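Step one of this worksheet: look at the structure below.
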Amino acid sequence: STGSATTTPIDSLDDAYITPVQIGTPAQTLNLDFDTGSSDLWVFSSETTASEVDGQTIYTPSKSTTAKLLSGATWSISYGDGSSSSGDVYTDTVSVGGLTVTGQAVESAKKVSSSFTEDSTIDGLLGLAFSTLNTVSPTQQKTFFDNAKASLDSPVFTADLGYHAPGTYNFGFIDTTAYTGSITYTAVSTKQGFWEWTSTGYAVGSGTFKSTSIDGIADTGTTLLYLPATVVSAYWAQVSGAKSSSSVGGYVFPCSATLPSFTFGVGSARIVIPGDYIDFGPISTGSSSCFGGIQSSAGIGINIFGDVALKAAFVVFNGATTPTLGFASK
């Protein structure tokens, strides 16, 4: 089997991407944030504290003839940005782009933190990291991909995120028309439950490539590119007037600037992030200070190849017995 679904930016900045997901019978379609950095499929629901729902579409398990309460199971998750959610668990039929999994754990939120409430466009998350990170207790549950894997034509999914435009998540096949040149594959460590890999270096603009190992995670659920302070300082030094602002929470730059590109290495291959992908617009409405899309990972504890990086590539998440990651230009 295979599946193919379009993923759409939630706003003009590509702050996140939503993908429609069918849950239950008859189908209830929710727009979920596909997140290769976590492993829970959770949704706003009829059980979510009413004051914490503000415009989201909810899953109502009582209206699904295939929903079954997973007795005694609860979940609770906290994300790198300080947001969180928790609740109980159903199993139900879940389909993405024509690919169907029966008996998928659908984690129903009883509580969500303010950042989720305040984002009306995201109805929940669909985790695509390794199932070892799944938070369901006392019986850990499998991700949608893990459940689908054996049925797929090939045990892979691909992320093809757009810049200020829709893109695609495919399951079970590689669309050879969706990228240019070749796909370069690179090793993955699953030790921390992430799609963790080592970039071979970077360049800023038309500058020379610096060969240096940068361990980090391919994370579709993180907006920005978080890299070591040395790398990030080297990038922003090429933008007149750019500076790190503790009050704002990262590097800012004059909105009048033209940003240089940023290149990262994948083995001997190179992925070029155009400068415009690094512009996250005014820090507040009407400001001439703009927020940068490359930020320091210092104090995150891990480097994160988030959407800023991934959207410059066609990315293969290869879930073979020994997983690997593939990157192509597009």
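Naming scheme: A, B, ... for chains in displayed order of the structure tokens; residues 1 onward per chain; ligands 1 onward as shown.
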For this session: as number ranges by chain, please: all residues of stretch 41-254 of chain A that backbone DSSP puts in alpha helix (DSSP H).
Result: A: 114-117, 144-148, 229-236
Using only C-alpha atoms, what does the table of stretch 95-196 of chain A residues within 8 Å of stretch 47-57 of chain A look like, with each row giving the shortest atom pair and its distance in Å to one decimal, sorted by chain and ascending number, as JSON lines?
{"residue": "A:108", "atom": "CA", "partner": "A:47", "partner_atom": "CA", "distance": 7.0}
{"residue": "A:109", "atom": "CA", "partner": "A:48", "partner_atom": "CA", "distance": 5.3}
{"residue": "A:110", "atom": "CA", "partner": "A:48", "partner_atom": "CA", "distance": 4.1}
{"residue": "A:111", "atom": "CA", "partner": "A:48", "partner_atom": "CA", "distance": 5.7}
{"residue": "A:112", "atom": "CA", "partner": "A:52", "partner_atom": "CA", "distance": 6.6}
{"residue": "A:113", "atom": "CA", "partner": "A:52", "partner_atom": "CA", "distance": 7.7}
{"residue": "A:114", "atom": "CA", "partner": "A:52", "partner_atom": "CA", "distance": 7.3}
{"residue": "A:117", "atom": "CA", "partner": "A:52", "partner_atom": "CA", "distance": 5.3}
{"residue": "A:118", "atom": "CA", "partner": "A:54", "partner_atom": "CA", "distance": 6.8}
{"residue": "A:119", "atom": "CA", "partner": "A:54", "partner_atom": "CA", "distance": 7.9}
{"residue": "A:120", "atom": "CA", "partner": "A:55", "partner_atom": "CA", "distance": 4.9}
{"residue": "A:121", "atom": "CA", "partner": "A:56", "partner_atom": "CA", "distance": 6.4}
{"residue": "A:122", "atom": "CA", "partner": "A:56", "partner_atom": "CA", "distance": 6.7}
{"residue": "A:123", "atom": "CA", "partner": "A:56", "partner_atom": "CA", "distance": 5.4}
Would you write out those residues with N, CA, C and O atoms, as a CSV table (one decimal), in the first residue's frame?
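For reference, again.csv as written:
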chain,number,residue,atom,x,y,z
A,108,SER,N,-6.6,11.2,23.0
A,108,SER,CA,-7.6,12.2,23.1
A,108,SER,C,-7.2,13.2,24.2
A,108,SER,O,-7.0,12.8,25.3
A,109,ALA,N,-7.1,14.5,23.9
A,109,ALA,CA,-6.7,15.5,24.9
A,109,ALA,C,-7.8,15.8,25.8
A,109,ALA,O,-8.9,16.2,25.4
A,110,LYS,N,-7.5,15.7,27.1
A,110,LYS,CA,-8.3,16.3,28.1
A,110,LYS,C,-7.8,17.7,28.4
A,110,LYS,O,-8.7,18.6,28.8
A,111,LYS,N,-6.5,18.0,28.3
A,111,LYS,CA,-5.9,19.3,28.6
A,111,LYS,C,-4.9,19.6,27.5
A,111,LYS,O,-4.2,18.7,27.1
A,112,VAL,N,-4.8,20.8,27.2
A,112,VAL,CA,-3.8,21.3,26.3
A,112,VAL,C,-3.3,22.7,26.8
A,112,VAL,O,-4.0,23.4,27.5
A,113,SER,N,-2.0,23.0,26.6
A,113,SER,CA,-1.5,24.3,27.0
A,113,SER,C,-1.9,25.4,26.1
A,113,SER,O,-2.4,25.2,25.0
A,114,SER,N,-1.7,26.6,26.6
A,114,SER,CA,-2.2,27.8,26.0
A,114,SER,C,-1.8,27.9,24.5
A,114,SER,O,-2.6,28.4,23.7
A,117,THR,N,-4.2,26.0,22.4
A,117,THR,CA,-5.5,26.6,22.3
A,117,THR,C,-5.5,27.8,21.4
A,117,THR,O,-6.5,28.0,20.6
A,118,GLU,N,-4.4,28.6,21.4
A,118,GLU,CA,-4.3,29.8,20.7
A,118,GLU,C,-4.1,29.6,19.2
A,118,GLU,O,-4.2,30.6,18.4
A,119,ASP,N,-3.8,28.4,18.8
A,119,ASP,CA,-3.6,28.1,17.4
A,119,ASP,C,-4.7,27.3,16.9
A,119,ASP,O,-4.8,26.1,16.9
A,120,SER,N,-5.7,28.0,16.3
A,120,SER,CA,-6.9,27.5,15.8
A,120,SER,C,-6.7,26.5,14.6
A,120,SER,O,-7.6,25.7,14.4
A,121,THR,N,-5.6,26.6,14.0
A,121,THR,CA,-5.4,25.8,12.7
A,121,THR,C,-4.9,24.4,12.9
A,121,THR,O,-4.9,23.6,12.0
A,122,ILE,N,-4.4,24.1,14.1
A,122,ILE,CA,-3.8,22.8,14.4
A,122,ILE,C,-4.7,22.0,15.3
A,122,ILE,O,-5.0,22.4,16.5
A,123,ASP,N,-5.2,20.9,14.8
A,123,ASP,CA,-6.2,20.1,15.5
A,123,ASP,C,-5.5,19.0,16.3
A,123,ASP,O,-6.2,18.2,17.0
Exercise. Which neighbours of stretch 89-92 of chain A fall inside 8 Å, counting only C-alpha atoms, when residues of the same chain fewer than 3 positions from it are skipped, and could you give them as a list in words?
Worked result: residues 23, 24, 61, 66, 67, 68, 69, 70, 71, 73, 74, 75, 102, 103, 104, 105, 106, 107, 108 and 136 of chain A
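Minimum atom-to-atom distance to residue A:296, evaluated using only C-alpha atoms, belongs to A:232 out of A:259, A:316, A:232, A:188.
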Using only C-alpha atoms, find each residue of stretch 213-293 of chain A with at least one atom at most 7 Å away from an atom of stretch 167-187 of chain A; report its shortest atom-to-atom pair and that distance in Å (one decimal), sort the rows by chain and rising residue number, and return the result as CSV.
residue,atom,partner,partner_atom,distance
A:266,CA,A:184,CA,6.8
A:267,CA,A:186,CA,6.7
A:269,CA,A:184,CA,6.7
Create the file for the chosen residues now, containing N, CA, C and O atoms and written as a PDB file, in the first residue's frame.
ATOM      1  N   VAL A 266      25.256  16.895   3.395  1.00  0.00           N
ATOM      2  CA  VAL A 266      24.712  15.558   3.599  1.00  0.00           C
ATOM      3  C   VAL A 266      25.709  14.658   2.890  1.00  0.00           C
ATOM      4  O   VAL A 266      25.725  14.608   1.669  1.00  0.00           O
ATOM      5  N   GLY A 267      26.593  14.010   3.639  1.00  0.00           N
ATOM      6  CA  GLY A 267      27.700  13.331   3.006  1.00  0.00           C
ATOM      7  C   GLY A 267      28.448  14.312   2.123  1.00  0.00           C
ATOM      8  O   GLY A 267      28.750  15.429   2.538  1.00  0.00           O
ATOM      9  N   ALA A 269      27.162  15.599  -0.524  1.00  0.00           N
ATOM     10  CA  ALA A 269      26.154  16.433  -1.162  1.00  0.00           C
ATOM     11  C   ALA A 269      25.881  17.695  -0.348  1.00  0.00           C
ATOM     12  O   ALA A 269      26.297  17.818   0.800  1.00  0.00           O
TER      13      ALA A 269
END
Can you tell me which residues surround residue A:248 at a distance of at most 10 Å, considering only C-alpha atoms, apart from same-chain residues fewer than 2 positions away, and format the answer as an mmCIF file with C-alpha atoms, in the first residue's frame?
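So part_26.cif came out as:
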data_model
loop_
_atom_site.group_PDB
_atom_site.id
_atom_site.type_symbol
_atom_site.label_atom_id
_atom_site.label_comp_id
_atom_site.auth_asym_id
_atom_site.auth_seq_id
_atom_site.Cartn_x
_atom_site.Cartn_y
_atom_site.Cartn_z
ATOM 1 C CA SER A 244 21.260 38.393 19.155
ATOM 2 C CA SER A 245 18.583 39.848 21.397
ATOM 3 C CA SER A 246 17.912 38.198 24.751
ATOM 4 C CA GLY A 250 17.249 35.083 19.421
ATOM 5 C CA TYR A 251 18.863 36.656 16.419
ATOM 6 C CA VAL A 252 17.037 39.530 14.790
ATOM 7 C CA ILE A 283 9.178 40.556 15.611
ATOM 8 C CA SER A 284 5.874 42.308 16.317
ATOM 9 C CA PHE A 291 13.197 37.382 13.385
#
Problem set entry | All residues 10 Å or closer to residue A:221, only C-alpha atoms, same chain fewer than 6 positions away omitted, as JSON, numbers by chain | {"A": [15, 16, 17, 33, 34, 35, 36, 37, 38, 79, 125, 126, 127, 128, 305, 306, 307]}
For this session: Compare A:194, A:317, A:226, A:116 by their minimum atom-to-atom distance to residue A:132, counting only C-alpha atoms, and give me the closest one.
Result: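 Answer, going by the shortest atom-to-atom distance: A:194.
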For this session: Counting only C-alpha atoms, figure out which residue out of A:41, A:313, A:308, A:290 gets nearest to residue A:253.
Result: A:290
